2 protein chains.
Amino acid sequence: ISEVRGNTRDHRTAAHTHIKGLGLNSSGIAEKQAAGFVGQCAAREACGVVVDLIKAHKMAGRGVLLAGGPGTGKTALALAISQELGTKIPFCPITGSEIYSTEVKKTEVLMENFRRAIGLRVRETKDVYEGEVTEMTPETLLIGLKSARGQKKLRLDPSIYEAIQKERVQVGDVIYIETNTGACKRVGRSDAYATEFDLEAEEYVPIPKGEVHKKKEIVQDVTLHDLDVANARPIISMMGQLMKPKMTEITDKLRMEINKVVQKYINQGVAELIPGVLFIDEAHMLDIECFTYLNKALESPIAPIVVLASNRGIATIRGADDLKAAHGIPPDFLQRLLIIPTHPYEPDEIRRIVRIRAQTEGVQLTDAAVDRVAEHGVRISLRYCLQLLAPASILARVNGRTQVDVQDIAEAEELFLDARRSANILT
Amino acid sequence: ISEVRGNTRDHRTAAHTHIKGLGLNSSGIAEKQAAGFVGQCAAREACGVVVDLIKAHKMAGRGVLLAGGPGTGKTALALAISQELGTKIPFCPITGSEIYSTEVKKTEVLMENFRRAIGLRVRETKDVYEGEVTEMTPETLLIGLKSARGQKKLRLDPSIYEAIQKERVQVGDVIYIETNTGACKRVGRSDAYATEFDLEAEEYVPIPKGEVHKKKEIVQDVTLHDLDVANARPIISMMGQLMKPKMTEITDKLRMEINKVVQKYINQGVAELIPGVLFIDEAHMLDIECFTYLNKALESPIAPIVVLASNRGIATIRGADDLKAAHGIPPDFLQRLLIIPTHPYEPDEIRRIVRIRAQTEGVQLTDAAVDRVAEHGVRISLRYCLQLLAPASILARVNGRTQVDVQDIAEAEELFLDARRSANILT
Ligand SMILES: Nc1ncnc2c1ncn2[C@@H]1O[C@H](COP(=O)(O)OP(=O)(O)OP(=O)(O)O)[C@@H](O)[C@H]1O
Ligand SMILES: Nc1ncnc2c1ncn2[C@@H]1O[C@H](COP(=O)(O)OP(=O)(O)OP(=O)(O)O)[C@@H](O)[C@H]1O
């Protein structure tokens, strides 16, 4: 579990790195401009209440729905819900279109995302005693350990004395003993007393490196999916390795081996598992079979916070014989969650956002350029205008400038056109 | 091992029940008449020295040979060697003719006889604590056990507390705990909380009979062959059950399972194994392959005392291309042992023996009848005259008498004739 390192899809949250959380005071009322947020007071305060409902454990089989248009702070508020829940919490942003896979089933892909939303907080402090054995009999046992770069003799507690007698010991055996109720023995194992005659033996163990007394500090924050993806290999290259269509490395029997060891760490009290947040954009795209999986998922106490988002008003239920419902959510699951409405930003609110994103991205710009780009944030979507910051900075650097002006941003619209305008131009 | 009961061939030692051991004083000199012995002072004292050599552990790869005619106290002195070694020691009397089997090999039969000569002295005293669990948390643990006829609460030592935490416990579990460094748990097992719905479960254990606190006394004296013959069954009928020609119940893999558990009882210090005596009559009948097995056997420290007996002077070595040797023992094995000569008894010595056997067998006889039967002990063998005691007692009981006279013993010779006289009569 120490070797297991967390691999996170940072490209999804890359557009929200400018947001630090949810800007609100002690009473609960949202601030005008805090934590990288502009406006959206009604929706900010609303989910600022749901974070408390999770903390108070009052979200008994409940979820959240973010109703609003494109670029209305939906995905942004979802990340704020995680950021406000605790430190190093799992946030899994998905889109209904991601479920629509070619090889894996509609929920074999929804399963790993649920595993990507449930984490594990580890806080294990162990006192290592590695090396050989040099027995002495006092009034309750003295053993001298020999390591690769050190030698130390220690007067063991009578608790260890009972544990060592159970697992046969002799002078010249490599051992791993722990003060925190730990007993492990390697009978006769020692590379020092190994002859070159026998090779197939493997009955000997090398002399442990460093010192005998070692203070092992384990502070690990990994999701359940990280445990599955690390135990699948028969690991640095794996962050860029996926070129295989089948993806048969993750099998149901491999997950059972993870579920049992995770349970063992909870029973010991070493590490407790912490459920996070599962965000589903394009919630209407989800099949009826997916919603019934979610209904079963929400009933489990281990389950994370299922936050959905739908840009549609009235939509046909996917997986049903054409049944129009609100946001495309079936009634069975619509009642299961509380709806939070996300309001569109007026031109005055849009330029306040631009200045925050430019400051984070590292793009210097004139006051007049912010006004021109905000005009595109109201005529077209908020995502399109925000995308104009990076090409205009290159166009300015090329012209020798650091400050981006109207002339530089005018070319950005000419070169990089939105999906709506690009279609109409072709006629 | 408690269920394992010792089955011994009492018919072989039946003719020597009249002998209690070896009659000798503190200095070592043999008595005229003691322990059921008459004469044979030279041979009695000789093996009365070998018993001390075994006790002093000076019999380093050594044995004993009893050279003498038929009925010269050979088998009798061998039993005396066991009787003088210790209490409840194994004595295995064999004849060279027994090795000559139809199914098993010459040493597959010599092996079990060696297993019949190495015993195990057990002295285990255990403090049983059987019943359910009713946990209480004091300052190091209080558990109340519930048995079929009793209930008791006990304040356990902190040593048991560490052992119980290793093997998962809950309230209402049947447990077997020991004060003599013993820990055994049956997780969730209890017949009290068993529903009639599940049958294939077998996860529950019945409530232990009697009281919770039980003092188990185990004093067992069994040979290595007893452990093999009891573990062979998949046991009272077995004392008379042997009707199978193959005898495939005892396999090499079954013996390995006995060798490992016996070793475990020695390592714990519960029971130590004690080597006895292996007596081989008709030593000349043994094959050269048998003597090489004995040579390898005598070198082992676990080996019993190999006492041989040969009635032959110069005899050809069995298993060799006609090579005459002393007593039929090959030189390699002749040097390996010390020879004890057994002198034939004079008529005066024979009637002294008769009076001892008659007193043990329960046969009342006149002084004149002892003289007439002693005349047959000198003209014919000592075994033949000793055999005349039982039929003559029946002939006397039939005549209404309790005392056996000359007339009664005269008919016994007429009815039951020796092997020599029966042959010559036929002409
Ligand atoms: N209130 C806000 N304050 C600061 N930035 C905001 C605010 N609302 C939206 N944004 C930013 O707008 C940019 C693009 O919008 P985004 O893709 O996040 O839309 P969304 O409404 O959050 O989700 P959806 O994709 O479902 O519309 C992001 O960088 C987001 O953080
Ligand atoms: N010295 C003795 N004192 C009392 N009984 C004796 C004595 N010597 C022999 N006997 C008895 O003679 C009887 C028959 O002899 P047994 O078969 O024992 O012959 P053995 O010489 O001991 O052995 P083998 O069979 O090799 O001749 C037994 O009951 C035996 O105990």
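Just so it is clear, none of the values below were taken in a lab; they were calculated from the coordinates. Positions of Cβ are backbone-derived with ideal geometry, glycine not excepted, and every protein chain shown enters the neighbour counts.
Observations on the structure shown:
- Flag for A:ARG372 being more than 16 Å from A:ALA15 (Cβ to Cβ) and either part of a helix (DSSP H, G or I) or hydroxyl-bearing (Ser, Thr, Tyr) (or both): yes
- Answer from B:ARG149, B:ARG123, B:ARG115 - the residue that is within 20 Å of B:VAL222 (Cβ to Cβ), loosely packed, with under 13 Cβ neighbours inside 10 Å and more than 16 Å from ligand 2 (Cβ to nearest atom): B:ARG123
- Those residues of the stretch A:342-365 which are within 12 Å of ligand 1 (Cβ to nearest atom) and not in a helix (DSSP H, G or I), in sequence order: A:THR342, A:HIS343, A:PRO344, A:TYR345, A:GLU346
- A single member of B:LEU417, B:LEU386, B:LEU395 is of a type in the set (A, V, I, L, M, F, W, C) and part of a loop (DSSP other than H, G, I, E, B), and it is B:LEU417.
- For the stretch B:293-323, a tally of residues being crowded, with 23+ Cβ neighbours inside 10 Å and either within 14 Å of another protein chain (Cβ to nearest Cβ) or more than 16 Å from ligand 2 (Cβ to nearest atom) (or both) returns 3.
- Where strands (runs of 3 or more DSSP E) fall wholly inside the stretch A:142-185, the ranges with 3 or more residues that are away from every other protein chain (no Cβ under 13 Å) and farther than 25 Å from B:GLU167 by Cβ are A:151-156.
- Residues being touching a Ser or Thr at 6+ places or on another chain (Cβ under 8 Å) and basic (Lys, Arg) - total across the stretch B:260-312: 0
- Note on the stretch A:84-96: among residues that are over 13 Å from A:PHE279 (Cα atoms) and either of a type in the set (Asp, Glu) or in a helix (DSSP H, G or I) (or both), the one that is nearest to ligand 2 (Cβ to nearest atom) is A:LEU85.
- Residues within the stretch A:166-199 that are under 27 Å from A:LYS215 (Cβ atoms), exposed (fewer than 15 other Cβ atoms within 10 Å of the Cβ) and among the polar types (S, T, N, Q), tallied: 3
- Unique match (being surrounded by fewer than 19 Cβ atoms within 10 Å (Cβ to Cβ) and within 11 Å of ligand 1 (Cβ to nearest atom)) among A:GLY21, A:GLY36, A:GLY69: A:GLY69
- Selection of the stretch A:382-402 for residues being surrounded by fewer than 15 Cβ atoms within 10 Å (Cβ to Cβ), charged (D, E, K, R) and farther than 23 Å from A:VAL38 by Cα yields only A:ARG397.
- Check on A:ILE236, among the hydrophobic types (A, V, I, L, M, F, W, C), out of contact with any helix residue (DSSP H, G or I) (no Cβ under 6 Å at 6 or more places or on another chain) and surrounded by 18 or more Cβ atoms within 10 Å (Cβ to Cβ): no
- Filter pass, B:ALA410 being aliphatic (A, V, I, L, M), part of a helix (DSSP H, G or I) and more than 33 Å from the chain's Cα centre (by Cα): yes
- A Cβ distance below 7 Å, combined with a sequence gap of six or more or placement on separate chains, defines the contacts here; from the stretch A:380-400, residues that are polar (S, T, N, Q) reach residues that are away from ligand 2 (no atom under 16 Å from the Cβ) and part of a loop (DSSP other than H, G, I, E, B) in the pairs A:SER381/A:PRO70; A:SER381/A:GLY71; A:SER393/A:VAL363.
- Which listed residue is within 14 Å of A:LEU308 (Cα to Cα), of a type outside the set (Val, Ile, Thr) and away from ligand 2 (no atom under 16 Å from the Cβ), from A:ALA60, A:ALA78, A:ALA56: A:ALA78
- Those residues of the stretch B:45-66 which are over 23 Å from B:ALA326 (Cβ atoms) and either under 22 Å from the mean Cα position of the chain (by Cα) or part of a helix (DSSP H, G or I) (or both), in sequence order: B:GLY48, B:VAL51, B:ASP52, B:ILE54, B:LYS55, B:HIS57
- Among the strands (runs of 3 or more DSSP E) confined to the stretch A:273-334, the ones with at least 2 residues that are under 21 Å from A:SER101 (Cβ atoms) are located at A:277-281, A:305-310.
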